[PDB]
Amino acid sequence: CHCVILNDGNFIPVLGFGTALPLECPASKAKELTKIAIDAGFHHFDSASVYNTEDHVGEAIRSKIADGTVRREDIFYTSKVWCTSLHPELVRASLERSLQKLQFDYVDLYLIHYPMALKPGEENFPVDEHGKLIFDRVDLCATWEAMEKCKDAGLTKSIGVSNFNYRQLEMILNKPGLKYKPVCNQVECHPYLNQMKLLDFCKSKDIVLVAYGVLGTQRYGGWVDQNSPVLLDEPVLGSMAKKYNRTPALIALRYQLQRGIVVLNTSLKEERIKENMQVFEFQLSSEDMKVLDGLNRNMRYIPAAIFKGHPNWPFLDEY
């Protein structure tokens, strides 16, 4: 497998397929896209409880195992516990519910979606009369202890985090009695926001940086500035694509793989799912990698703006 090794010994495919879909897409769409992705050669699938696509994704995977296309052990499935279940006593219950939806006995990786707790309840986005999210206070170190228990319970093989800044990672890494270090930190990363600093930090701690937004994000309404520039329309990517006889998307994907990053990607088009697998066919020169490094402009497509004000908002700029 085009895999890299996690700090707990487990292997993870460097190219994963994201199962989050635009609000304008029917949930069931996730099932068909997953089947196409599997046939295209994808083994790593990224999901979350908040995506409401887990049951459909699980159906596609179980279907592909049933007909002998792949085995459960060959699939790397990731889930994430949402802000409303960060309370230590609610973490495992959330994972068990996901497993129930998937018809799985275990997930390969389980992440804390955001380092920001929200009022517990069925509603994923509890708000008051002003439409403001209802924040809740939770000890993330305790949340982590609960994640470790899930690993020891065999409900998940590995555990990690998502959307954590290095300061928050250090808190966990320096935790008294720490048992398992996060194996990864899934964050937004692309030429407009190359996370060089956070990447170097993660590498120094044996933490894998898993990137989303590698192609500019699906630009979800209510989460991304619709007036922000479209990443793949960047002239530099267009020019480099022609130089290497590839596509702007392939240039953006290869850029990250060559930096030691595990990449996620999503496309609603079958032709593009297959195309993205071609990222393993070519190499970007060291000089062109520097050119791409020059596109950095601190453009964060998903700032989780509705979370601003929360004591743990992870995206404050560096000094």
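Numbers for residues come from their place in the sequence shown, where the first is 1.
Checked against the record, the higher mean CA B factor of 73-81 and 92-100 lies with 92-100.
Checked against the record, the higher mean CA B factor of 150-158 and 213-221 lies with 150-158. When the C-alpha B-factors of 53, 283, 256, 265 are read from the PDB record, the largest value belongs to 53. Annotation for 250, 289, 60, 261: 60 ranks highest, by Cα B-factor.
In this PDB entry, the Cα temperature factor of residue 197 sits in the bottom third of its chain's modelled residues, the lowest group. Among the modelled residues of its chain, residue 122 has a C-alpha B-factor that falls in the highest third according to the deposited record. Sort the modelled residues of the chain by CA B factor and residue 302 lands in the lowest third. Compared with the other modelled residues of the chain, the Cα B-factor recorded for residue 129 ranks in the highest third. In this PDB entry, the Cα temperature factor of residue 136 sits in the top third of its chain's modelled residues, the highest group.
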